[PDB]
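**Q** Sharing a structure with you now.
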Amino acid sequence: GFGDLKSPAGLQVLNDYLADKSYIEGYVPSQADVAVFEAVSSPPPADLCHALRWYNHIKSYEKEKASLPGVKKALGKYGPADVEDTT
Amino acid sequence: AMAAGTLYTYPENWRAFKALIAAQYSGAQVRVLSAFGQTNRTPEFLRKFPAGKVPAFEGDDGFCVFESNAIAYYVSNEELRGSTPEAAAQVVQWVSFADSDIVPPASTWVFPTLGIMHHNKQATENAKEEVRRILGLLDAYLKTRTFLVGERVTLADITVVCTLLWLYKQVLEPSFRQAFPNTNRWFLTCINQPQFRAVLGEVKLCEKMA
């Protein structure tokens, strides 16, 4: 997980995670993108370049969100592995 | 609707790749004839394509077009071409940038590793700096963008990727490309799109400079 996606430090983890990525999972948009997106809720600060870039990209997909492949997971399952993880 | 015809080229031509990747997006049914060779000099070929260049395209309706960017445009769709005049101007921008700014110094640097050229340690090193400048420009542009035009792949990304293909494969070793993380993220994303992948195959970034 990224932690609290409505806090700065969480957005910093989301940003660092997106430095070498265009999507949350893989190389095409998925439901993984939609869930983190809805959790961020509002455009990250521009200084979090990779986070904001990814935000504007997924936002361009909002009109067709449910059509995106994959299935929603718990926010903790996205991004960096949590060392202490259930399941 | 979508174009249908024959694409004459030599095998694994990065210039033909532009039109083959675009066709994957559009649904254009493009046949490749490669195994040919010096057939570009046959009289018939010359009529159809006086330039004698490849790649060259002959539609099933007799329509012929003989330059790489033009074949890719033709077998593309509105989305790749640019749906608005702004988007379409931006496509032309990156295509022309690829042709004028990337192709020559990439040629000067790469051909020697390939042996196609003659190595002039000054020219080759200046070409390096040129490429570095290009990578840098792409990197700063892509800091806020996933793709070059709009929020979808266009002829811009397709053209630039194929143009940078040989650099990334043979010469842009990790130590060299680390100064441009956004261009590399963009490059990896692009070549991993299903459409790119069906043409390029798995693309291995240069581990060690050639």
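Sequences listed follow chains F and R, in order. Residue numbering for the first sequence is 288 to 374, as defined by my numbering. Residue numbering for the second sequence is 1225 to 1434, as defined by my numbering. We put the beta carbon where it would ideally sit given N, CA and C, even for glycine.
Going by C-alpha to C-alpha distance, which of F:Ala-333, F:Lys-350, F:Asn-302 and F:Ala-306 sits closest to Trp-1410 (chain R)?
**A** The option with the nearest alpha carbon to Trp-1410 (chain R) is F:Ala-306.
**Q** Closer than 9 angstroms between beta carbons: that is the criterion. Which residues of the region 306-323 of chain F meet it against chain R?
**A** Hits within the stretch, in order: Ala-306, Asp-307, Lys-308, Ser-309, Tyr-310, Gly-313, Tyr-314 and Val-315.
**Q** Between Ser-294 (chain F) and chain R, is any beta-carbon pair separated by less than 7 angstroms?
**A** Chain R contact via Cβ: absent.
**Q** By the three-class DSSP mapping on this structure, what secondary structure does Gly-363 (chain F) have?
**A** Note: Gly-363 (chain F) maps to helix in three-state DSSP.
**Q** Would you call the CB atoms of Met-1226 (chain R) and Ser-1258 (chain R) closer than 7 angstroms?
**A** Against a cut-off of 7 angstroms, the Cβ pair of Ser-1258 (chain R) and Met-1226 (chain R) comes out as no contact.
**Q** Using beta carbons (cut-off 7 angstroms, strictly below), is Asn-1301 (chain R) in contact with chain F?
**A** For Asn-1301 (chain R), the answer is no, since every Cβ of chain F falls outside 7 angstroms of its Cβ.
**Q** Give me the chain F residues within the contact set of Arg-1409 (chain R), using Cβ-Cβ distance strictly less than 9 angstroms, ordered along the chain.
**A** Per Cβ cutoff of 9 angstroms: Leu-305, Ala-306, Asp-307, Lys-308, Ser-309 and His-337.
**Q** Rounded to a whole number of angstroms, what is the C-alpha to C-alpha distance between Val-327 (chain F) and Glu-312 (chain F)?
**A** When rounded, the distance between both Cα atoms is 16 angstroms.
**Q** Of all the CB atoms in chain R, is at least one closer than 7 angstroms to the CB of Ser-347 (chain F)?
**A** It does: the Cβ of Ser-347 (chain F) has a partner Cβ on chain R nearer than 7 angstroms.
**Q** Please report whether the beta-carbon of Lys-1428 (chain R) lies at a distance below 7 angstroms from any beta-carbon of chain F.
**A** Not one chain F Cβ lies under 7 angstroms of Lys-1428 (chain R).
**Q** Return yes when the Cβ of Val-1319 (chain R) is within less than 7 angstroms of the Cβ of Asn-1301 (chain R), no when it is not.
**A** No; because the gap between Cβ atoms is not below 7 angstroms, this pair is not in contact.
**Q** Are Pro-1274 (chain R) and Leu-1231 (chain R) closer than 7 angstroms when you measure CB to CB?
**A** No, the Cβ-Cβ distance between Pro-1274 (chain R) and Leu-1231 (chain R) is not below 7 angstroms.
**Q** Among all the DSSP beta bridges, which residues are the ones paired with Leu-1257 (chain R)?
**A** In the DSSP output, where bridge partners are listed per residue, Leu-1257 (chain R) has R:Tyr-1232.
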